[PDB]
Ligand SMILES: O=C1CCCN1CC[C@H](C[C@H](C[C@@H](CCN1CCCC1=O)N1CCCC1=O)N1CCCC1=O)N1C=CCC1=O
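The chain below stands alone and is given in structure tokens; this is the form solved without this ligand.
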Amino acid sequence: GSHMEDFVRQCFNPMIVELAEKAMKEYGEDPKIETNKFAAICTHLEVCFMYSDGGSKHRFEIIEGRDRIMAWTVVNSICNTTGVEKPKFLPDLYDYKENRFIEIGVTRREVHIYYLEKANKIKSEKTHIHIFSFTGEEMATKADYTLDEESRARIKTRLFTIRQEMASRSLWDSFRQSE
């Protein structure tokens, strides 16, 4: 048992920890060994849920936090009913108001370089990209940040609090140096 596994369980709420475990077992990874990945999946889930909380009610379809098959099922219903092209890789949300999928990224590095890697990867110019960093930076496709800024600020504050919490336990260095 890691310091990291225990920290994750006292830092994140039980719903999120549970969903992260579901996700790792969907891909055959073990939360007890891949413990930095565990912390990151938890962090990304919380950010995604905080993000969907920022819109008006009914604004977002949440695709993250579902098992692989149901996630693609919801993407299919979105595509077959809005006419949007079906992405090749699973996004995180769908914006009913702007009518585009969103890929949310959380990075230990500089937002620029993770954004490039995502934009490279998806190869689908239709999926809007929004990166957050553990230093309070963000980067969104076409400089369009989707949410108004109080909702993005909460995410950035929470990310930095996780960073401090990890650091107070000397977990932070090992966490950064695993991307």
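For clarity, a rigid core is taken as the largest C-alpha set superposing within 1.5 Å between two forms. The numbering used is simple: start at 1 and walk along the sequence shown.
When the other structures are laid on the shown form by the rigid core, the stretch among 155 to 163 and 17 to 25 with the greater C-alpha deviation in 7 other deposited structures of this protein turns out to be 17 to 25. Superposing on the core and measuring CA offsets in 7 other deposited structures of this protein, the stretch of 111 to 119 and 28 to 36 with the greater mean deviation is 28 to 36. Look at the mean CA B-factor for 106 to 114 and for 122 to 130 in the entry; the higher one is 122 to 130.
Among the modelled residues of its chain, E29 has a C-alpha B-factor that falls in the highest third, as given in the PDB entry. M166 sits in the middle third of its chain by CA B factor, as recorded in the PDB entry. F101: CA B factor lies in the lowest third for its chain, per the PDB record. When the modelled residues of the chain are ordered by C-alpha B-factor, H58 sits in the highest third. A71: CA B factor lies in the middle third for its chain, per the PDB record.
The protein also exists as the form deposited with this ligand bound; that form is not presented, and the subsequent description refers to it.
Among heavy atoms of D53, some come within 4.5 Å of this ligand in the entry with it bound. For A140, no non-hydrogen atom is located within 4.5 Å of this ligand in the entry with it bound, even though that partner is not displayed. Taking the partner from the other structure, this ligand in the entry with it bound has no heavy atom within 4.5 Å of any heavy atom of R59.
Proximity of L171 to this ligand in the entry with it bound: non-hydrogen atoms within 4.5 Å are absent; the residue sits far from the partner. Contacts between 59 to 78 and this ligand, taken as any heavy atom within 4.5 Å in the entry with it bound, involve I62, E64, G65, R66.
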